[PDB]
>>> print(open('structure03.json').read())   # JSON, C-alpha atoms
[["chain", "number", "residue", "atom", "x", "y", "z"],
["A", 1, "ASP", "CA", -243.99, -53.89, -176.89],
["A", 2, "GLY", "CA", -241.22, -56.14, -175.58],
["A", 3, "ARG", "CA", -238.56, -54.09, -177.37],
["A", 4, "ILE", "CA", -235.85, -51.79, -176.04],
["A", 5, "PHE", "CA", -235.39, -48.26, -177.39],
["A", 6, "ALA", "CA", -232.50, -45.88, -176.85],
["A", 7, "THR", "CA", -232.94, -42.54, -175.08],
["A", 8, "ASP", "CA", -231.01, -39.29, -175.17],
["A", 9, "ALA", "CA", -228.82, -40.35, -172.24],
["A", 10, "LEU", "CA", -227.64, -43.44, -174.10],
["A", 11, "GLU", "CA", -226.94, -41.35, -177.19],
["A", 12, "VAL", "CA", -224.92, -38.87, -175.12],
["A", 13, "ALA", "CA", -222.89, -41.66, -173.52],
["A", 14, "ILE", "CA", -222.26, -43.27, -176.92],
["A", 15, "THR", "CA", -221.21, -39.90, -178.35],
["A", 16, "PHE", "CA", -218.75, -39.36, -175.50],
["A", 17, "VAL", "CA", -217.29, -42.85, -175.88],
["A", 18, "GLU", "CA", -216.91, -42.48, -179.65],
["A", 19, "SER", "CA", -215.32, -39.04, -179.28],
["A", 20, "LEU", "CA", -212.86, -40.55, -176.80],
["A", 21, "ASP", "CA", -210.82, -41.98, -179.68],
["A", 22, "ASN", "CA", -209.54, -40.00, -182.66],
["A", 23, "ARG", "CA", -212.20, -37.48, -183.70],
["A", 24, "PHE", "CA", -212.43, -34.90, -186.45],
["A", 25, "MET", "CA", -211.11, -31.44, -185.64],
["A", 26, "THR", "CA", -213.48, -28.48, -185.80],
["A", 27, "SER", "CA", -210.84, -25.83, -185.02],
["A", 28, "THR", "CA", -210.02, -25.68, -188.72],
["A", 29, "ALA", "CA", -209.79, -23.11, -191.50],
["A", 30, "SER", "CA", -212.99, -24.57, -192.86],
["A", 31, "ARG", "CA", -215.85, -24.16, -190.40],
["A", 32, "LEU", "CA", -214.30, -20.76, -189.98],
["A", 33, "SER", "CA", -215.40, -19.87, -193.49],
["A", 34, "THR", "CA", -218.61, -21.72, -192.64],
["A", 35, "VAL", "CA", -219.28, -19.62, -189.55],
["A", 36, "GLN", "CA", -218.41, -16.43, -191.41],
["A", 37, "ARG", "CA", -220.86, -17.37, -194.16],
["A", 38, "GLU", "CA", -223.59, -18.28, -191.67],
["A", 39, "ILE", "CA", -223.05, -15.06, -189.70],
["A", 40, "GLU", "CA", -223.28, -12.94, -192.84],
["A", 41, "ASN", "CA", -226.39, -14.84, -193.97],
["A", 42, "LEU", "CA", -228.04, -14.31, -190.58],
["A", 43, "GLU", "CA", -227.13, -10.61, -190.60],
["A", 44, "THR", "CA", -228.69, -10.20, -194.05],
["A", 45, "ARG", "CA", -231.81, -12.21, -193.19],
["A", 46, "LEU", "CA", -232.35, -10.50, -189.82],
["A", 47, "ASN", "CA", -232.36, -6.83, -190.88],
["A", 48, "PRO", "CA", -235.82, -5.27, -191.28],
["A", 49, "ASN", "CA", -234.69, -2.53, -193.66],
["A", 50, "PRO", "CA", -235.35, -3.54, -197.30],
["A", 51, "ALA", "CA", -232.82, -1.08, -198.71],
["A", 52, "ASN", "CA", -229.98, -2.75, -196.80],
["A", 53, "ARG", "CA", -231.06, -6.17, -198.08],
["A", 54, "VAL", "CA", -231.21, -4.86, -201.65],
["A", 55, "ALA", "CA", -227.74, -3.31, -201.35],
["A", 56, "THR", "CA", -226.27, -6.51, -199.92],
["A", 57, "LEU", "CA", -227.88, -8.58, -202.67],
["A", 58, "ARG", "CA", -226.46, -6.25, -205.32],
["A", 59, "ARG", "CA", -222.99, -6.42, -203.78],
["A", 60, "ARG", "CA", -223.12, -10.22, -203.70],
["A", 61, "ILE", "CA", -224.26, -10.25, -207.33],
["A", 62, "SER", "CA", -221.33, -7.99, -208.24],
["A", 63, "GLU", "CA", -218.87, -10.30, -206.48],
["A", 64, "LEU", "CA", -220.37, -13.33, -208.24],
["A", 65, "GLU", "CA", -220.10, -11.51, -211.57],
["A", 66, "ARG", "CA", -216.43, -10.77, -210.89],
["A", 67, "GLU", "CA", -215.80, -14.42, -210.02],
["A", 68, "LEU", "CA", -217.58, -15.58, -213.18],
["A", 69, "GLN", "CA", -215.55, -13.13, -215.27],
["A", 70, "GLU", "CA", -212.33, -14.47, -213.75],
["A", 71, "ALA", "CA", -213.48, -18.05, -214.38],
["A", 72, "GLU", "CA", -214.16, -17.23, -218.03],
["A", 73, "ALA", "CA", -210.44, -16.47, -218.29],
["A", 74, "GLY", "CA", -209.79, -20.01, -217.06],
["A", 75, "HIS", "CA", -209.02, -19.05, -213.45],
["A", 76, "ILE", "CA", -210.96, -21.86, -211.77],
["A", 77, "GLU", "CA", -209.14, -22.64, -208.53],
["A", 78, "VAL", "CA", -209.03, -26.17, -207.18],
["A", 79, "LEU", "CA", -208.56, -26.12, -203.43],
["A", 80, "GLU", "CA", -205.87, -28.66, -202.51],
["A", 81, "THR", "CA", -205.26, -32.25, -201.48],
["A", 82, "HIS", "CA", -205.10, -31.45, -197.76],
["A", 83, "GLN", "CA", -207.56, -28.55, -198.10],
["A", 84, "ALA", "CA", -210.00, -30.85, -199.89],
["A", 85, "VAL", "CA", -209.56, -33.47, -197.16],
["A", 86, "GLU", "CA", -210.25, -30.90, -194.45],
["A", 87, "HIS", "CA", -213.33, -29.55, -196.23],
["A", 88, "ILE", "CA", -214.69, -33.08, -196.71],
["A", 89, "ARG", "CA", -214.16, -33.83, -193.01],
["A", 90, "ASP", "CA", -215.88, -30.57, -192.05],
["A", 91, "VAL", "CA", -218.88, -31.38, -194.24],
["A", 92, "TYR", "CA", -219.05, -34.89, -192.77],
["A", 93, "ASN", "CA", -219.07, -33.46, -189.25],
["A", 94, "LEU", "CA", -221.81, -30.97, -190.12],
["A", 95, "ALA", "CA", -223.93, -33.70, -191.73],
["A", 96, "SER", "CA", -223.47, -36.09, -188.81],
["A", 97, "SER", "CA", -224.61, -33.33, -186.47],
["A", 98, "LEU", "CA", -228.08, -33.53, -188.08],
["A", 99, "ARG", "CA", -229.20, -36.72, -186.29],
["A", 100, "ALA", "CA", -228.28, -35.77, -182.71],
["B", 1, "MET", "CA", -219.43, -14.44, -155.92],
["B", 2, "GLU", "CA", -218.66, -18.13, -155.36],
["B", 3, "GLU", "CA", -222.28, -19.17, -155.95],
["B", 4, "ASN", "CA", -221.49, -20.00, -159.57],
["B", 5, "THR", "CA", -218.81, -22.28, -158.09],
["B", 6, "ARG", "CA", -220.81, -24.03, -155.33],
["B", 7, "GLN", "CA", -224.15, -24.44, -157.08],
["B", 8, "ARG", "CA", -222.08, -25.66, -160.03],
["B", 9, "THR", "CA", -220.55, -28.38, -157.86],
["B", 10, "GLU", "CA", -223.99, -29.28, -156.52],
["B", 11, "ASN", "CA", -225.27, -29.57, -160.09],
["B", 12, "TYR", "CA", -222.31, -31.75, -161.07],
["B", 13, "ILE", "CA", -222.90, -34.05, -158.10],
["B", 14, "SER", "CA", -226.62, -34.28, -158.87],
["B", 15, "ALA", "CA", -225.91, -35.12, -162.51],
["B", 16, "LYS", "CA", -223.33, -37.73, -161.51],
["B", 17, "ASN", "CA", -225.74, -39.40, -159.08],
["B", 18, "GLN", "CA", -228.87, -39.02, -161.23],
["B", 19, "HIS", "CA", -228.18, -38.56, -164.94],
["B", 20, "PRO", "CA", -228.37, -41.97, -166.66],
["B", 21, "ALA", "CA", -225.41, -41.22, -168.95],
["B", 22, "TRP", "CA", -222.97, -40.40, -166.15],
["B", 23, "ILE", "CA", -224.34, -43.23, -164.00],
["B", 24, "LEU", "CA", -223.71, -45.71, -166.81],
["B", 25, "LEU", "CA", -220.25, -44.28, -167.49],
["B", 26, "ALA", "CA", -219.25, -44.51, -163.83],
["B", 27, "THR", "CA", -220.59, -48.07, -163.51],
["B", 28, "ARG", "CA", -217.69, -50.50, -163.27],
["B", 29, "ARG", "CA", -219.24, -52.67, -166.02],
["B", 30, "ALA", "CA", -219.91, -49.74, -168.38],
["B", 31, "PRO", "CA", -217.82, -50.94, -171.37],
["B", 32, "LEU", "CA", -219.74, -54.21, -171.78],
["B", 33, "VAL", "CA", -223.21, -52.67, -171.64],
["B", 34, "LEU", "CA", -222.14, -49.80, -173.87],
["B", 35, "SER", "CA", -220.67, -52.11, -176.51],
["B", 36, "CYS", "CA", -223.73, -54.37, -176.48],
["B", 37, "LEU", "CA", -226.17, -51.47, -176.73],
["B", 38, "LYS", "CA", -224.21, -49.71, -179.47],
["B", 39, "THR", "CA", -224.02, -52.91, -181.51],
["B", 40, "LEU", "CA", -227.74, -53.55, -181.04],
["B", 41, "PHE", "CA", -228.81, -50.02, -181.98],
["B", 42, "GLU", "CA", -226.36, -49.54, -184.87],
["B", 43, "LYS", "CA", -228.46, -51.81, -187.10],
["B", 44, "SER", "CA", -232.05, -50.93, -186.14],
["B", 45, "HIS", "CA", -233.96, -47.97, -184.73],
["B", 46, "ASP", "CA", -237.49, -49.42, -184.52]]
>>> encode(input="structure03.json", output="structure tokens")
Amino acid sequence: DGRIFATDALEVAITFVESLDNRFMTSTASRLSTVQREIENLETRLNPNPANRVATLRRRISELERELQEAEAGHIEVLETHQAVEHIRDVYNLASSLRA
Amino acid sequence: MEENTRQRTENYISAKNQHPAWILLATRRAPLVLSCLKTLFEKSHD
């Protein structure tokens, strides 16, 4: 139509060039918690046995109840300055990965 | 087995000589074209 459109090769080259400069680290404490969470979620959602799923759901509910009970005492834990920065960067990386 | 080491080199050579991304990167004018294209496509995708 007389217009130019980018392809996957151009996107790959642009990604390489952009990653040449300073780029966000993925070898971080966060995105380790993320992979652990995703692995546990996949393990729960992949099992065919319903009893195992029920037991895992009950255990998660128990842990959430314990956390809520602790919070009721006022034990809500802010993460950190640097920890918050790292989590924000991790989330930004994960979100940016959605358009590849 | 060195096959994983010779077919790998063949694949790398083929990609270097054929894949548009590596061809553009190796081109001695790559920075100018890359900057122009990135600037053009940063604003519009239609």
>>> interface_residues(input="structure03.json", of="chain B", to="chain A", cutoff="12 Å", atoms="only C-alpha atoms", output="number ranges by chain")
B: 15, 18-26, 30-31, 33-42, 44-46
>>> residues_around(input="structure03.json", residues="residue 99 (chain A)", least_positions_apart="3", cutoff="12 Å", atoms="all atoms listed in the file", output="VMD selection string")
chain A and resid 8 11 15 93 to 96
>>> atom_distance(input="structure03.json", atom1="CA of residue 27 (chain B)", atom2="CA of residue 5 (chain B)")
26.4 Å
>>> atom_distance(input="structure03.json", atom1="CA of residue 58 (chain A)", atom2="CA of residue 46 (chain A)")
17.1 Å
>>> atom_distance(input="structure03.json", atom1="CA of residue 98 (chain A)", atom2="CA of residue 53 (chain A)")
29.3 Å
